[PDB]
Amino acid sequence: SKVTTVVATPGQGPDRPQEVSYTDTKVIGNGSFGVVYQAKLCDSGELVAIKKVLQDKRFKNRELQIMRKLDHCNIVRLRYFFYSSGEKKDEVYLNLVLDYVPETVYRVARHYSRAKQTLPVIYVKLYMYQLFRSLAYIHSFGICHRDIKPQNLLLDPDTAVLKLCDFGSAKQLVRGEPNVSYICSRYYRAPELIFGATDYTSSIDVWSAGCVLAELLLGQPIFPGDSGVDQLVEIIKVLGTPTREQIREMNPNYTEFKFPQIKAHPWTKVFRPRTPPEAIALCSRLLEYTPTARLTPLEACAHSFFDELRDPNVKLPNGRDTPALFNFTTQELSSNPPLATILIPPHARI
C-alpha cells in the first residue's frame, strides 16, 4: 500500500522530531474541527487517528498546547504532531497523531436504543467512572473540556476502556476572566450556559457528564430540544422551577424573567422501575442548578454507584478483568487527597 513518511515531533517530552511512517489511511470523521483519519503505523502495526486542522500561524494552536500537557489512561493521548498541506494550496495543516479507540458512546447508546434495550448497568458504571477520572485529571490543571457529549466519548468494547477526545473547545478557566457562553452541544449544556453566563466554572463538564449518565439510563437524552427555551422547559420539568437564588447562581440578568411554576418532580419517576437507587442519587447530585452544589469529578468517582467497580470479584461480561481504575496520581487526587481511602480499594495492585 501507499506509505506516508513525516518528521513528527513527539507529543510529550523534549522537542526531538522523528521520522514517522504510516499506511492504510481512511477518513473516519469530518466535522467543524476538520478531518479525522485512521492510519496504521508501519513500525508497530498499531492503529492511530490523525486529526487534521488548518493552522493560521497568526497564533499557536490552543488544542495542541492542551494536548501536549496531558497523560491519562482515560484521555486520547497525543503521540505526535506535524505540519502539512491537504485541501488548501499555500496553507498549513496541523496534524495531531492520537491514540485510536474503535467505538463511540454515541454509536453504542444508538445500538441499544434501536434494539429497544438499555446498555447494561455494569457498562454505565465503567464508562461513567472513567469519564469522571478523565474530568478529575483535566480539571486539576484548571482545564475545562466544554464539549462533553456521547460523540466525544470513545470506547474499546473488548477492554471496556473509555477515552475522552476532542480538545477543540478545551480552555483553562481562570477565575475573574470571562469565557464564551456559546460552547457546548445541544442536550448537554448546563443552565448557566443556556442563560449566556460568561463567568462559568469547570462544573459545566459535570452537568454534561450528568446528562450523559441519565441518557445511558433512559435510552434517550434527558433534556432534549432544538432551542434553549425547550431545553430549559425539560430541565424545569425534572428539577422544578429554579429559585431567585438559583437563578442568581447561574446568570443574574435573568432574575426578572418569569418561569413556569412546575413542582419539584421525584427523580425516581424519571427513570424505569429497575433503575438502581445510587444511579438516581448520582444524577440528582450532578444535575443541580447551583454550579457549586454539583459533585466534583473526584467525588463522583467515589460515589456509591461505582462501588461494584471497587469489588475485588468484578469481571467484564466477556470474562476479562476490568481495565485500570485505581492507578490515581497525586495530581489526579489533588482536589481532595482523603478521597483515595475510598478510591483505592485494599486489593488495588501495588
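In this text, residue numbers run from 1 along the sequence as written. Under this definition, the rigid core comprises the largest set of C-alpha atoms superposing within 1.5 Å between the forms.
For 276-284 versus 229-237, the mean Cα distance to the shown form in 9 other deposited structures of this protein after rigid core alignment is larger for 229-237. Two stretches, 104-112 and 259-267, are weighed by how far their CA atoms sit from the shown form in 9 other deposited structures of this protein after rigid core superposition; the farther one is 259-267. Among the other PDB entries of this protein that were compared and that flank it with modelled residues, residue 177 is modelled in all, so it is never left out in a third of them.
Judged by the one-third criterion across other entries of this protein, residue 205, modelled here, is also modelled in every one of those that cover both its neighbours. As the entry records it, the average C-alpha temperature factor is higher for 249-257, out of 249-257 and 102-110. Remark: stretch with higher mean C-alpha B factor among 20-28 and 323-331 is 20-28. Based on the entry's C-alpha B-factors, the most elevated value among 81, 207, 129, 271 belongs to 271.
In the deposited entry, the Cα temperature factor of residue 175 places it in the highest third of its chain's modelled residues.
Among all modelled residues in its chain, residue 311 ranks in the highest third by Cα B-factor. Ranked by Cα temperature factor within the chain, residue 196 sits in the middle third according to the deposited record. Annotation for residue 169: C-alpha temperature factor in the lowest third relative to the rest of the modelled chain, per the entry.
Among all modelled residues in its chain, residue 299 ranks in the lowest third by Cα B-factor.
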